[PDB]
$ cat structure-v3.cif   # mmCIF, C-alpha atoms and all ligand atoms
data_my_file
loop_
_atom_site.group_PDB
_atom_site.id
_atom_site.type_symbol
_atom_site.label_atom_id
_atom_site.label_comp_id
_atom_site.auth_asym_id
_atom_site.auth_seq_id
_atom_site.Cartn_x
_atom_site.Cartn_y
_atom_site.Cartn_z
ATOM 1 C CA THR A 1 13.467 62.739 4.695
ATOM 2 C CA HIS A 2 14.856 59.806 2.739
ATOM 3 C CA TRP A 3 18.610 59.427 2.275
ATOM 4 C CA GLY A 4 20.927 56.563 1.345
ATOM 5 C CA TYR A 5 24.359 55.703 -0.112
ATOM 6 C CA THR A 6 23.300 55.219 -3.772
ATOM 7 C CA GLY A 7 20.537 56.281 -6.176
ATOM 8 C CA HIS A 8 19.877 60.008 -6.707
ATOM 9 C CA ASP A 9 19.979 60.111 -2.912
ATOM 10 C CA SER A 10 23.658 59.604 -2.319
ATOM 11 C CA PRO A 11 26.094 61.247 0.152
ATOM 12 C CA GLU A 12 27.165 63.964 -2.337
ATOM 13 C CA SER A 13 23.599 65.319 -2.536
ATOM 14 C CA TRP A 14 22.607 65.026 1.188
ATOM 15 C CA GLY A 15 22.912 68.822 1.708
ATOM 16 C CA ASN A 16 20.175 69.661 -0.865
ATOM 17 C CA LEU A 17 17.636 67.074 0.443
ATOM 18 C CA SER A 18 16.485 69.638 3.030
ATOM 19 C CA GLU A 19 17.650 72.926 4.599
ATOM 20 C CA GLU A 20 18.222 71.014 7.869
ATOM 21 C CA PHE A 21 20.834 68.578 6.380
ATOM 22 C CA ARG A 22 22.771 71.499 4.849
ATOM 23 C CA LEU A 23 25.840 71.045 7.131
ATOM 24 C CA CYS A 24 26.463 67.810 5.227
ATOM 25 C CA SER A 25 27.596 69.916 2.264
ATOM 26 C CA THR A 26 28.663 73.218 3.898
ATOM 27 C CA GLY A 27 30.483 72.028 7.062
ATOM 28 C CA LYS A 28 34.287 72.340 7.366
ATOM 29 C CA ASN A 29 34.644 69.764 10.216
ATOM 30 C CA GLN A 30 32.989 66.689 8.699
ATOM 31 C CA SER A 31 33.506 62.968 9.276
ATOM 32 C CA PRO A 32 34.640 60.512 8.075
ATOM 33 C CA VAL A 33 38.330 61.294 7.246
ATOM 34 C CA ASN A 34 41.484 59.724 5.693
ATOM 35 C CA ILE A 35 44.084 59.899 8.507
ATOM 36 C CA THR A 36 47.356 60.693 6.688
ATOM 37 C CA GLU A 37 49.416 63.354 8.484
ATOM 38 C CA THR A 38 49.282 63.423 12.256
ATOM 39 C CA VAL A 39 50.858 65.099 15.259
ATOM 40 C CA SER A 40 52.404 62.819 17.875
ATOM 41 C CA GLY A 41 51.026 64.024 21.199
ATOM 42 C CA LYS A 42 50.295 62.890 24.736
ATOM 43 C CA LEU A 43 46.618 61.889 24.537
ATOM 44 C CA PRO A 44 44.748 61.106 27.820
ATOM 45 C CA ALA A 45 44.329 57.360 28.318
ATOM 46 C CA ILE A 46 40.866 55.776 27.764
ATOM 47 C CA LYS A 47 39.256 53.826 30.638
ATOM 48 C CA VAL A 48 36.504 51.439 29.468
ATOM 49 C CA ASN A 49 33.709 50.796 32.006
ATOM 50 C CA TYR A 50 31.655 48.611 29.673
ATOM 51 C CA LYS A 51 29.724 45.671 31.180
ATOM 52 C CA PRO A 52 26.792 43.357 30.096
ATOM 53 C CA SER A 53 23.308 44.872 29.441
ATOM 54 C CA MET A 54 19.919 44.059 27.939
ATOM 55 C CA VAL A 55 20.164 45.407 24.412
ATOM 56 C CA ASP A 56 18.095 45.317 21.263
ATOM 57 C CA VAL A 57 19.382 45.017 17.707
ATOM 58 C CA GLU A 58 17.792 47.445 15.275
ATOM 59 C CA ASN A 59 17.875 47.685 11.491
ATOM 60 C CA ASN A 60 16.999 51.361 10.821
ATOM 61 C CA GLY A 61 17.463 50.952 7.025
ATOM 62 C CA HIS A 62 21.008 52.430 7.027
ATOM 63 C CA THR A 63 22.910 50.272 9.580
ATOM 64 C CA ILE A 64 22.743 47.467 12.121
ATOM 65 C CA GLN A 65 22.742 49.056 15.591
ATOM 66 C CA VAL A 66 22.637 47.860 19.239
ATOM 67 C CA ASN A 67 20.581 50.158 21.482
ATOM 68 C CA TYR A 68 21.430 50.479 25.171
ATOM 69 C CA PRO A 69 18.121 51.510 26.952
ATOM 70 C CA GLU A 70 20.090 52.289 30.167
ATOM 71 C CA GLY A 71 23.342 54.181 30.877
ATOM 72 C CA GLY A 72 25.341 51.337 32.443
ATOM 73 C CA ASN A 73 28.258 51.326 29.989
ATOM 74 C CA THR A 74 30.621 54.274 30.170
ATOM 75 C CA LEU A 75 33.911 55.639 28.940
ATOM 76 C CA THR A 76 36.093 57.984 31.006
ATOM 77 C CA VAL A 77 38.443 60.174 28.954
ATOM 78 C CA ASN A 78 40.302 63.093 30.548
ATOM 79 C CA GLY A 79 38.245 63.079 33.759
ATOM 80 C CA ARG A 80 35.012 63.116 31.678
ATOM 81 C CA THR A 81 32.509 60.251 31.789
ATOM 82 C CA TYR A 82 30.613 59.417 28.544
ATOM 83 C CA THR A 83 27.522 57.137 28.471
ATOM 84 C CA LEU A 84 27.309 54.568 25.668
ATOM 85 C CA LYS A 85 23.950 55.077 23.895
ATOM 86 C CA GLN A 86 24.308 52.628 21.029
ATOM 87 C CA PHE A 87 26.880 51.089 18.708
ATOM 88 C CA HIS A 88 26.592 50.358 15.025
ATOM 89 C CA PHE A 89 28.403 49.338 11.940
ATOM 90 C CA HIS A 90 29.682 50.455 8.549
ATOM 91 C CA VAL A 91 30.616 48.111 5.716
ATOM 92 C CA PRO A 92 33.047 48.992 4.470
ATOM 93 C CA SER A 93 34.854 51.460 6.781
ATOM 94 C CA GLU A 94 34.118 55.201 6.682
ATOM 95 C CA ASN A 95 37.435 56.365 8.212
ATOM 96 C CA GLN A 96 40.639 55.351 6.392
ATOM 97 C CA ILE A 97 44.253 54.834 7.562
ATOM 98 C CA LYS A 98 46.725 56.108 4.927
ATOM 99 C CA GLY A 99 44.195 55.561 2.077
ATOM 100 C CA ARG A 100 43.430 52.048 3.393
ATOM 101 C CA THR A 101 39.709 51.227 3.598
ATOM 102 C CA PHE A 102 38.908 48.449 6.105
ATOM 103 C CA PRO A 103 36.102 45.901 5.473
ATOM 104 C CA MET A 104 34.133 47.071 8.530
ATOM 105 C CA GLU A 105 34.063 49.858 11.127
ATOM 106 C CA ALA A 106 32.111 49.925 14.438
ATOM 107 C CA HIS A 107 30.930 53.279 15.931
ATOM 108 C CA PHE A 108 30.359 53.412 19.691
ATOM 109 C CA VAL A 109 28.375 56.607 20.272
ATOM 110 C CA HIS A 110 28.228 58.421 23.648
ATOM 111 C CA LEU A 111 27.071 61.557 25.436
ATOM 112 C CA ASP A 112 28.554 63.081 28.638
ATOM 113 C CA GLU A 113 26.443 64.949 31.196
ATOM 114 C CA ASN A 114 26.824 68.129 29.035
ATOM 115 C CA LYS A 115 25.300 66.097 26.155
ATOM 116 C CA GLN A 116 28.623 66.410 24.237
ATOM 117 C CA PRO A 117 28.940 63.548 21.684
ATOM 118 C CA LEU A 118 31.954 61.216 21.578
ATOM 119 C CA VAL A 119 32.443 58.428 19.021
ATOM 120 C CA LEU A 120 34.927 55.629 19.782
ATOM 121 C CA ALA A 121 35.721 53.659 16.646
ATOM 122 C CA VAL A 122 36.977 50.107 16.025
ATOM 123 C CA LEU A 123 38.355 49.065 12.622
ATOM 124 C CA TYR A 124 38.147 45.402 11.534
ATOM 125 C CA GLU A 125 40.738 43.669 9.373
ATOM 126 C CA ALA A 126 39.728 40.656 7.251
ATOM 127 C CA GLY A 127 40.477 37.486 9.203
ATOM 128 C CA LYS A 128 38.733 34.713 11.137
ATOM 129 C CA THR A 129 35.090 34.757 12.186
ATOM 130 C CA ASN A 130 34.458 37.320 14.936
ATOM 131 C CA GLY A 131 33.131 35.052 17.691
ATOM 132 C CA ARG A 132 32.213 38.033 19.939
ATOM 133 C CA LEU A 133 29.874 39.519 17.320
ATOM 134 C CA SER A 134 28.184 36.219 16.357
ATOM 135 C CA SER A 135 25.548 36.857 19.052
ATOM 136 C CA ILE A 136 24.460 40.109 17.303
ATOM 137 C CA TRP A 137 24.890 38.744 13.725
ATOM 138 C CA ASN A 138 22.634 35.773 14.563
ATOM 139 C CA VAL A 139 19.568 37.969 15.340
ATOM 140 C CA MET A 140 20.346 40.664 12.775
ATOM 141 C CA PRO A 141 16.966 41.858 11.403
ATOM 142 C CA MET A 142 17.392 41.553 7.626
ATOM 143 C CA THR A 143 14.740 44.148 7.083
ATOM 144 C CA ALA A 144 13.971 47.319 9.027
ATOM 145 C CA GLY A 145 12.748 46.282 12.488
ATOM 146 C CA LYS A 146 13.894 45.650 16.048
ATOM 147 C CA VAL A 147 14.448 42.626 18.360
ATOM 148 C CA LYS A 148 15.355 42.650 22.060
ATOM 149 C CA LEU A 149 18.053 40.022 22.679
ATOM 150 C CA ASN A 150 17.285 37.400 25.379
ATOM 151 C CA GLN A 151 20.866 36.796 26.582
ATOM 152 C CA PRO A 152 22.753 39.823 28.031
ATOM 153 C CA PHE A 153 25.313 41.445 25.731
ATOM 154 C CA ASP A 154 28.754 42.464 26.920
ATOM 155 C CA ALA A 155 30.453 45.157 24.842
ATOM 156 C CA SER A 156 33.786 44.862 26.732
ATOM 157 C CA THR A 157 34.586 41.969 24.374
ATOM 158 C CA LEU A 158 34.370 44.339 21.327
ATOM 159 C CA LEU A 159 37.155 46.653 22.574
ATOM 160 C CA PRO A 160 40.861 45.599 22.680
ATOM 161 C CA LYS A 161 43.124 45.936 25.747
ATOM 162 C CA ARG A 162 45.498 48.236 23.778
ATOM 163 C CA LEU A 163 43.564 51.529 23.743
ATOM 164 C CA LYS A 164 45.822 53.831 21.729
ATOM 165 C CA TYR A 165 43.759 56.089 19.453
ATOM 166 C CA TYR A 166 43.747 58.860 16.842
ATOM 167 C CA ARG A 167 41.861 61.963 18.028
ATOM 168 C CA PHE A 168 40.177 64.636 15.936
ATOM 169 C CA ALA A 169 37.032 66.743 16.057
ATOM 170 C CA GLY A 170 34.329 65.990 13.528
ATOM 171 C CA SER A 171 30.692 65.231 12.793
ATOM 172 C CA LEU A 172 27.978 62.572 12.365
ATOM 173 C CA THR A 173 28.629 60.739 9.070
ATOM 174 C CA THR A 174 24.866 60.519 8.491
ATOM 175 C CA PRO A 175 22.367 63.418 8.020
ATOM 176 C CA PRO A 176 21.994 65.916 9.618
ATOM 177 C CA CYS A 177 25.826 65.568 9.879
ATOM 178 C CA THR A 178 25.899 67.574 13.170
ATOM 179 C CA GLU A 179 29.411 68.873 14.009
ATOM 180 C CA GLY A 180 31.045 69.087 17.464
ATOM 181 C CA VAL A 181 31.572 65.299 17.763
ATOM 182 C CA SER A 182 34.773 64.013 19.346
ATOM 183 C CA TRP A 183 36.364 61.185 17.308
ATOM 184 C CA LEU A 184 38.654 58.542 18.851
ATOM 185 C CA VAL A 185 39.768 55.905 16.341
ATOM 186 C CA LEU A 186 41.544 52.995 18.092
ATOM 187 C CA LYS A 187 44.834 51.825 16.596
ATOM 188 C CA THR A 188 44.344 48.130 17.526
ATOM 189 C CA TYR A 189 42.336 46.310 14.894
ATOM 190 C CA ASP A 190 39.709 43.630 15.485
ATOM 191 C CA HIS A 191 38.764 41.127 12.690
ATOM 192 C CA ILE A 192 35.730 39.886 10.698
ATOM 193 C CA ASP A 193 35.510 37.061 8.142
ATOM 194 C CA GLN A 194 33.872 37.537 4.722
ATOM 195 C CA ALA A 195 30.441 35.994 5.469
ATOM 196 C CA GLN A 196 29.919 38.431 8.309
ATOM 197 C CA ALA A 197 30.503 41.489 6.098
ATOM 198 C CA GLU A 198 28.377 40.132 3.260
ATOM 199 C CA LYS A 199 25.471 39.269 5.574
ATOM 200 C CA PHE A 200 25.590 42.776 7.045
ATOM 201 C CA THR A 201 25.475 44.371 3.575
ATOM 202 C CA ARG A 202 22.609 42.002 2.638
ATOM 203 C CA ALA A 203 20.731 43.069 5.783
ATOM 204 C CA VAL A 204 21.235 46.824 5.449
ATOM 205 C CA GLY A 205 20.821 46.735 1.649
ATOM 206 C CA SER A 206 24.050 48.557 0.658
ATOM 207 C CA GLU A 207 27.613 49.498 1.540
ATOM 208 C CA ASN A 208 26.940 52.217 4.131
ATOM 209 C CA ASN A 209 30.090 54.386 4.236
ATOM 210 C CA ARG A 210 29.909 58.110 3.788
ATOM 211 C CA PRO A 211 33.009 59.079 1.695
ATOM 212 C CA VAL A 212 35.918 60.814 3.464
ATOM 213 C CA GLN A 213 35.694 64.607 3.844
ATOM 214 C CA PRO A 214 38.696 67.090 3.841
ATOM 215 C CA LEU A 215 40.448 67.762 7.149
ATOM 216 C CA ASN A 216 40.563 71.472 6.259
ATOM 217 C CA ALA A 217 41.894 73.209 9.453
ATOM 218 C CA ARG A 218 41.933 70.062 11.592
ATOM 219 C CA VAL A 219 44.868 68.112 13.028
ATOM 220 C CA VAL A 220 44.690 64.403 13.865
ATOM 221 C CA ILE A 221 46.657 63.500 17.016
ATOM 222 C CA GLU A 222 48.240 60.076 17.352
HETATM 223 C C1 LIG A 301 21.404 59.828 17.491
HETATM 224 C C2 LIG A 301 22.685 59.381 16.755
HETATM 225 O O1 LIG A 301 23.587 58.871 17.371
HETATM 226 N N1 LIG A 301 22.737 59.569 15.305
HETATM 227 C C3 LIG A 301 23.909 59.233 14.532
HETATM 228 N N2 LIG A 301 24.112 59.619 13.269
HETATM 229 N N3 LIG A 301 25.329 59.286 12.733
HETATM 230 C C4 LIG A 301 26.125 58.626 13.554
HETATM 231 S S1 LIG A 301 27.771 58.066 13.225
HETATM 232 N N4 LIG A 301 27.740 57.078 11.863
HETATM 233 O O2 LIG A 301 28.690 59.223 13.061
HETATM 234 O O3 LIG A 301 28.402 57.491 14.458
HETATM 235 S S2 LIG A 301 25.334 58.397 15.086
HETATM 236 ZN ZN ZN A 302 28.550 55.456 12.293
#
$ encode --input "structure-v3.cif" --output "structure tokens"
Amino acid sequence: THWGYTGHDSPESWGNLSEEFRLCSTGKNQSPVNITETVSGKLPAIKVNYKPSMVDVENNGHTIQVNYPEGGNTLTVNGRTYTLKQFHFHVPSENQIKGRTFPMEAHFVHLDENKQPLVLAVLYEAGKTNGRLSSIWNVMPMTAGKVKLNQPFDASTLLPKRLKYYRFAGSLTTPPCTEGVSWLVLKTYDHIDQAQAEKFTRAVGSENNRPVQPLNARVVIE
């Protein structure tokens, strides 16, 4: 069923669109979130085993996304291996740091062998052109549609070397807003210039951030 970020269709009504999106309105563990208060703790280190792959770049109407047809690219956290399925973008950011919205956020979405979802997040500050995204921005379908990119894409360039993160449990920020999703929001910020963010918005047709949800019972670990 149709949903979006504006119109009579907007995030605050997602739960009533159908019975099967109801968690969007009724869940207590929803993403995204404003990360204000945190607990300093000893989080397991991330190990990135990303490498180049043959990807396609899809406009599904709601974001620009890079689909990984094969496993290949993994993340090991806490002796668990998670397989990168796809990554995609929000302009502006869904998650916030101390009330601060960022001009873009990237969501790297995974499953482990138990099919447990993990989202590793990168927040972009305004700054110089992102040279490592230009390859994806250049083939960006500006309407709904899908192109396989000729030259291999390496996602290791999209993650910093400093891999400190905020950790919390949450949900998909798009319908059906399924809960039980591990969130790891990296502290080290990448950058995008203004054209890049505007083009994206132009392509997808709107700013595509779900608004922040209450933490309720949850604690964010830094
Ligand atoms: C199959 C799949 O991954 N669907 C998603 N829906 N929302 C997502 S997000 N913005 O939380 O990372 S991913
Ligand atoms: Zn997302």
$ closest_residue --input "structure-v3.cif" --among "A:2, A:202, A:22, A:62" --to "ligand LIG 301 (chain A)" --atoms "all atoms listed in the file"
A:62
$ residues_around --input "structure-v3.cif" --residues "range 76-88 of chain A" --least-positions-apart "3" --cutoff "8 Å" --atoms "all atoms listed in the file" --output "compact mmCIF listing (two decimals) with C-alpha atoms, in the frame of the given file"
# COMPACT_ATOMS: atom_id res chain seq x y z
CA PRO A 44 44.75 61.11 27.82
CA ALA A 45 44.33 57.36 28.32
CA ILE A 46 40.87 55.78 27.76
CA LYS A 47 39.26 53.83 30.64
CA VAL A 48 36.50 51.44 29.47
CA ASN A 49 33.71 50.80 32.01
CA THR A 63 22.91 50.27 9.58
CA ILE A 64 22.74 47.47 12.12
CA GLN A 65 22.74 49.06 15.59
CA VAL A 66 22.64 47.86 19.24
CA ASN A 67 20.58 50.16 21.48
CA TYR A 68 21.43 50.48 25.17
CA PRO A 69 18.12 51.51 26.95
CA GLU A 70 20.09 52.29 30.17
CA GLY A 71 23.34 54.18 30.88
CA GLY A 72 25.34 51.34 32.44
CA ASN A 73 28.26 51.33 29.99
CA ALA A 106 32.11 49.92 14.44
CA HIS A 107 30.93 53.28 15.93
CA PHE A 108 30.36 53.41 19.69
CA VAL A 109 28.38 56.61 20.27
CA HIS A 110 28.23 58.42 23.65
CA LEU A 111 27.07 61.56 25.44
CA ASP A 112 28.55 63.08 28.64
CA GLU A 113 26.44 64.95 31.20
CA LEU A 118 31.95 61.22 21.58
$ residues_near_ligand --input "structure-v3.cif" --ligand "ligand LIG 301 (chain A)" --cutoff "7 Å" --atoms "only C-alpha atoms and all ligand atoms" --output "mmCIF file with C-alpha atoms, in the frame of the given file"
data_model
loop_
_atom_site.group_PDB
_atom_site.id
_atom_site.type_symbol
_atom_site.label_atom_id
_atom_site.label_comp_id
_atom_site.auth_asym_id
_atom_site.auth_seq_id
_atom_site.Cartn_x
_atom_site.Cartn_y
_atom_site.Cartn_z
ATOM 1 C CA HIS A 107 30.930 53.279 15.931
ATOM 2 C CA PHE A 108 30.359 53.412 19.691
ATOM 3 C CA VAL A 109 28.375 56.607 20.272
ATOM 4 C CA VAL A 119 32.443 58.428 19.021
ATOM 5 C CA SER A 171 30.692 65.231 12.793
ATOM 6 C CA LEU A 172 27.978 62.572 12.365
ATOM 7 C CA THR A 173 28.629 60.739 9.070
ATOM 8 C CA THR A 174 24.866 60.519 8.491
ATOM 9 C CA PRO A 175 22.367 63.418 8.020
ATOM 10 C CA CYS A 177 25.826 65.568 9.879
#
$ axis_aligned_box --input "structure-v3.cif" --around "range 55-67 of chain A" --padding-each-side "3 Å" --output "lines of an AutoDock Vina configuration file"
center_x = 20.0
center_y = 48.7
center_z = 15.7
size_x = 11.9
size_y = 13.4
size_z = 23.4
$ atom_distance --input "structure-v3.cif" --atom1 "CA of residue 92 in chain A" --atom2 "CA of residue 197 in chain A"
8.1 Å
$ closest_residue --input "structure-v3.cif" --among "A:26, A:182, A:156, A:103" --to "residue 12 in chain A" --atoms "only C-alpha atoms"
A:26
$ resolve_selection --input "structure-v3.cif" --expression "the PyMOL selection byres (((chain A and resi 58) around 9) and not hetatm)" --output "PDB file with C-alpha atoms, keeping the file's coordinate frame"
ATOM      1  CA  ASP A  56      18.095  45.317  21.263  1.00  0.00           C
ATOM      2  CA  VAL A  57      19.382  45.017  17.707  1.00  0.00           C
ATOM      3  CA  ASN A  59      17.875  47.685  11.491  1.00  0.00           C
ATOM      4  CA  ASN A  60      16.999  51.361  10.821  1.00  0.00           C
ATOM      5  CA  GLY A  61      17.463  50.952   7.025  1.00  0.00           C
ATOM      6  CA  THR A  63      22.910  50.272   9.580  1.00  0.00           C
ATOM      7  CA  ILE A  64      22.743  47.467  12.121  1.00  0.00           C
ATOM      8  CA  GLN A  65      22.742  49.056  15.591  1.00  0.00           C
ATOM      9  CA  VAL A  66      22.637  47.860  19.239  1.00  0.00           C
ATOM     10  CA  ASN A  67      20.581  50.158  21.482  1.00  0.00           C
ATOM     11  CA  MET A 140      20.346  40.664  12.775  1.00  0.00           C
ATOM     12  CA  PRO A 141      16.966  41.858  11.403  1.00  0.00           C
ATOM     13  CA  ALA A 144      13.971  47.319   9.027  1.00  0.00           C
ATOM     14  CA  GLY A 145      12.748  46.282  12.488  1.00  0.00           C
ATOM     15  CA  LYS A 146      13.894  45.650  16.048  1.00  0.00           C
ATOM     16  CA  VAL A 147      14.448  42.626  18.360  1.00  0.00           C
ATOM     17  CA  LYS A 148      15.355  42.650  22.060  1.00  0.00           C
TER      18      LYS A 148
END
$ resolve_selection --input "structure-v3.cif" --expression "the PyMOL selection byres (((chain A and resi 170) around 10) and not hetatm)" --output "PyMOL selection string"
chain A and resi 27-33+118-119+167-169+171-173+177-183+213+215+218
$ write_last_selection --input "structure-v3.cif" --atoms "C-alpha atoms" --output "CSV table (one decimal), in the coordinates of the input"
chain,number,residue,atom,x,y,z
A,27,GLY,CA,30.5,72.0,7.1
A,28,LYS,CA,34.3,72.3,7.4
A,29,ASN,CA,34.6,69.8,10.2
A,30,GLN,CA,33.0,66.7,8.7
A,31,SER,CA,33.5,63.0,9.3
A,32,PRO,CA,34.6,60.5,8.1
A,33,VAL,CA,38.3,61.3,7.2
A,118,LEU,CA,32.0,61.2,21.6
A,119,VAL,CA,32.4,58.4,19.0
A,167,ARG,CA,41.9,62.0,18.0
A,168,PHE,CA,40.2,64.6,15.9
A,169,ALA,CA,37.0,66.7,16.1
A,171,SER,CA,30.7,65.2,12.8
A,172,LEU,CA,28.0,62.6,12.4
A,173,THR,CA,28.6,60.7,9.1
A,177,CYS,CA,25.8,65.6,9.9
A,178,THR,CA,25.9,67.6,13.2
A,179,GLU,CA,29.4,68.9,14.0
A,180,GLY,CA,31.0,69.1,17.5
A,181,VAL,CA,31.6,65.3,17.8
A,182,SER,CA,34.8,64.0,19.3
A,183,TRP,CA,36.4,61.2,17.3
A,213,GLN,CA,35.7,64.6,3.8
A,215,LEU,CA,40.4,67.8,7.1
A,218,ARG,CA,41.9,70.1,11.6
$ residues_around --input "structure-v3.cif" --residues "residue 150 in chain A" --least-positions-apart "4" --cutoff "12 Å" --atoms "all atoms listed in the file" --output "count of residues only"
8
